[PDB]
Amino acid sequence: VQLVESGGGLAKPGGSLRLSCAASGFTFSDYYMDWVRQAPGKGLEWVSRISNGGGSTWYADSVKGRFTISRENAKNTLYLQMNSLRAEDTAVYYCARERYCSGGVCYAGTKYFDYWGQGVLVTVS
């Protein structure tokens, strides 16, 4: 049960990036997944959420129209296509797994971030 992430680096304003978070060991086609970013020494802000099959996705207010979370459950990887990058996207990003929810009515209604990704740094300038 492992979470690593690839695709960091540098990108000027207007440029694009494609973040990937490859997962393994569990049934990736079952879980809800989540991206959440963090500027250096700043607060924590949720960015994007995606369902088990990818049929419905949610984004934070400051991000929609440009970022697009996606999921191919066959390769067990989580993508985050960041288009039209701007300066305040300067942050370190993690992919988080949302707790097991077979049904939609899990044993206590928890649905939280148990496992987290290591964390990639994105710098926009």
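In this text, residue numbers run from 1 along the sequence as written.
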| property | result |
| --- | --- |
| Mean C-alpha temperature factor, higher of 107-115 and 7-15 | 7-15 |
| Which of 42-50 and 88-96 has higher mean CA B factor, as the PDB entry lists it | 88-96 |
| Member of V36, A74, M33, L80 with the greatest C-alpha B factor (per the PDB record) | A74 |
| Ranked C-alpha temperature factor of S56 among modelled chain residues, by third | highest |
